[PDB]
Number of protein chains: 2
Amino acid sequence: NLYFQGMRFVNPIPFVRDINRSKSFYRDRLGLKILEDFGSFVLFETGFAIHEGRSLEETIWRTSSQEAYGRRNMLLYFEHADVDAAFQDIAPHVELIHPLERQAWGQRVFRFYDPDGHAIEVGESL
Amino acid sequence: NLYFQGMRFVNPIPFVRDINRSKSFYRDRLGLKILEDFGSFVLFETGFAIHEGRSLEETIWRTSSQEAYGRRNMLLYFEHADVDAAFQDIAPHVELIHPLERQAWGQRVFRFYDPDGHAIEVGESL
């Protein structure tokens with residue numbers, strides 16, 4: 001929409017140590033589709049993106065030094081049409097936080113880490 | 001779309017110390033529109049969300065203790081139709097990382113911190 005006025009959230013951009021590691025994780029394990037691959041930055045369909053961390057830190061702050069980028073300060077929330085199939089397909093390849101469990105609000109979700117330690121949730125569709 | 005199969009990114013959920021502080025910042029300063037307000041969790045139009053951090057940490061990990069949630073490990077990327085107006089309206093009320101500047105790729109953006117220290121970029125529309 002060329003005519004949208006005011007503010008629009010476009011993408012979160014978690015920082016990653018290795019763009020190939022991450023790209024392969026999100027595309028091969030989570031089944032995301034690449035919209036555009038710029039090398040150090042990858043945009044996925046459905047509004048997710050990742051960026052090699054040192055290059056983006058230098059762009060923003062003009063300096064960078066580091067611990068894993070995953071820092072228990074955010075959750076990346078995804079939904080899947082068939083959460084049981086997603087769990088079967090993903091769980092063996094990730095470090096789970098917990099298995100597929102009904103939450104207090106009735107939705108079944110599982111939670112796990114990406115290769116950099118960022119926290120991810122995959123829930124059944126709402 | 002009830003018929004979407006496979007994986008969809010829904011929301012990033014940065015953790016915040018004070019949901020009212022944050023809600024007021026994103027709605028009053030950045031001009032975001034609340035889609036739904038659950039108290040400890042707020043969904044905005046255009047796919048952004050925030051959650052009080054300790055409650056979400058307890059939900060995920062069953063424990064929480066903390067430094068500011070902003071931890072130079074992600075960038076939240078927004079676009080505005082009139083980046084000059086956005087800058088005039090926002091800059092005095094935030095701690096800037098840098099002012100409105102043409103980037104190496106030709107887009108004018110500014111970058112700043114939210115109340116918890118998360119890094120935000122507002123760029124002209126692409």
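When reading the values below, keep in mind they use all heavy atoms of this one structure, side chains included, and skip hydrogens, waters and symmetry mates. Each chain gets a letter, A, B and so on, in the order its sequence line appears, and its residues count up from 1.
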Give a yes or no on whether [X] and [Y] share a hydrophobic cluster (residues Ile, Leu, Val, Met, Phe, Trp, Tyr; joining criterion: side-chain heavy atoms under 4.5 Å apart).
X	Y	answer
A:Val83	A:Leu32	yes
B:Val94	A:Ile60	no
B:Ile50	B:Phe38	no
B:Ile34	B:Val10	no
B:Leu35	B:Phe41	yes

Which heavy-atom pair separates [X] from [Y] by the least distance, and what is that distance?
X	Y	result
A:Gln88	A:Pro92	O-CD, 3.5 Å
B:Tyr113	B:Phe25	O-CZ, 4.0 Å
A:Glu58	A:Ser64	OE2-OG, 3.1 Å
A:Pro12	B:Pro12	CB-CB, 3.7 Å

Under 3.5 Å, side chain of [X] to main-chain N/O of [Y], donor-acceptor pair present?
X	Y	result
A:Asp37	A:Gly39	yes
B:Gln103	B:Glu101	yes
A:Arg8	B:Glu79	no
B:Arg17	B:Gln66	yes
B:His51	B:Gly53	no
A:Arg111	A:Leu96	no

If the threshold is 4.0 Å, N to carboxylate O, is there a salt bridge linking [X] and [Y]?
X	Y	answer
B:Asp84	B:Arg108	yes
B:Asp18	B:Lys23	no
A:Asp89	A:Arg29	no

Any side-chain heavy atom of [X] within less than 4.5 Å of one from [Y]?
X	Y	value
A:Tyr77	A:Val122	no
B:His98	B:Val109	yes
A:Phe110	A:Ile97	no
A:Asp116	A:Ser22	yes

Nearest 0.5 angstrom please: [X] [atom1] to [Y] [atom2], how far?
X	Y	atom1	atom2	result
A:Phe87	A:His80	CZ	NE2	13.5 Å
A:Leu76	A:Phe112	CG	CZ	9.5 Å
B:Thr46	B:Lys33	OG1	NZ	10.0 Å
B:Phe44	B:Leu30	CZ	CG	9.0 Å
A:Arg54	A:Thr59	CZ	OG1	13.0 Å
A:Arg72	B:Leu56	CZ	CG	12.0 Å

**Request:** Check step by step if side-chain contact (heavy atoms from CB on, under 4.5 Å) holds for A:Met7 and B:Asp82.
**Result:** CA-CA 9 Å; A:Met7 189 71 82; B:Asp82 186 348; over 6 Å; no
**Request:** Check each of B:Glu57, B:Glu67, B:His118 against A:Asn73 using the side chain to side chain contact (heavy atoms under 4.5 Å, CB included) test, and report the only one that passes.
**Result:** B:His118
**Item:** Donor-acceptor side-chain pairing of B:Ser55 and B:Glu52 below 3.5 angstrom
**Value:** yes
**Asked** So, B:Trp105 versus B:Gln107: side-chain donor-acceptor pair below 3.5 Å or not?
**Response** yes
**Request:** Please check if atom CD in B:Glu45 has more than 12 non-hydrogen atoms from other residues, nucleotides or ligands closer than 6.0 Å.
**Result:**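 For B:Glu45, atom CD is crowded (more than 12 foreign heavy atoms under 6.0 Å).
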Going by the angle between their ring planes, with limits at 30° and 60°, are [X] and [Y] parallel, tilted or perpendicular?
X	Y	result
A:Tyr26	A:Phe78	parallel
B:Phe9	A:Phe48	tilted
A:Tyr69	A:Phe15	perpendicular

